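Trainee: Below are the structure tokens for one structure; questions will follow.
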Amino acid sequence: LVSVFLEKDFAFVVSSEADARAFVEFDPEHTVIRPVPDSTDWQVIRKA
Amino acid sequence: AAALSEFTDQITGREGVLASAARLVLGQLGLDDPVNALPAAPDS
Amino acid sequence: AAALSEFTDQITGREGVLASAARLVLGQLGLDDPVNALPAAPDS
Amino acid sequence: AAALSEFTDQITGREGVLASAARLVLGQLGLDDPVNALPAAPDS
């Protein structure tokens, strides 16, 4: 059994824009999206 | 005399100061979205 | 006039300055360990 | 090209930031004590 709640930064990997969008398909009501052109992706950052 | 290690050290400390400020200063970034590709396809 | 919100705001900003420094200053903390309970049982 | 002087400069500025925070942030350090040598002598 593990149940921890996380409110912090999400460091990521080089994914495509479509793969980032498909990752954040379930996310967008619990998070903030920020695009990174240097890694050509997005970054999800989820709240409490 | 490869100085690139301490160059990355001062860049990492600088970006750490950035990440220290950025979340409690409530300066929201990444509020933009690439939209222009979406209406360009029904135009074509 | 409940001021406890901004009290926690300045405490959180202060601790954020702490956490900003603490990992790149390489000031290692938590290097101690509670040892004393371990030899106290074979003594007893 | 002896860079050790400015190495110690950035280390001294970093430790100065540490000493700037450390006394008003009320993060108490040095609260541990080496105890283990004291009961080890009546055990022996």
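Trainee: From the residues in region A:9-32 that are free of Cβ contacts under 8 Å to residues at least 12 places away in the same chain and surrounded by 10 or more Cβ atoms within 10 Å (Cβ to Cβ), which one is nearest to B:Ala22 (Cα to Cα)?
Mentor: A:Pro28
Trainee: Among the residues of region C:23-44, which ones are within 16 Å of the chain's Cα centre (by Cα), more than 7 Å from every other protein chain (Cβ to nearest Cβ) and not aliphatic (A, V, I, L, M)?
Mentor: Within region C:23-44, C:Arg23, C:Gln28, C:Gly30, C:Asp33, C:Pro34 qualify.
Trainee: Restricted to region A:16-48, and to residues that are basic (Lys, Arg) and in a strand (DSSP E or B), which residue is farthest from B:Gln28 (Cα to Cα)?
Mentor: By that ranking, first place goes to A:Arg46.
Trainee: Please go through region C:5-17 and give me each residue that is within 16 Å of the chain's Cα centre (by Cα) and within 11 Å of chain B (Cβ to nearest Cβ), ordered by number.
Mentor: C:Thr12, C:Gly13, C:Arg14, C:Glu15, C:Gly16, C:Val17
Trainee: If you don't mind, there's one more thing I want to ask. Using the structure shown, decide if C:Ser20 is in a helix (DSSP H, G or I) and away from every other protein chain (no Cβ under 11 Å).
Mentor: Here the answer is no, as C:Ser20 does not meet what is asked.
Laboratory data are not the source of any read-out in this text; all were calculated from the coordinates shown. Here Cβ is always computed from backbone atoms with ideal geometry, including for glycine, and neighbour counts include all displayed protein chains.
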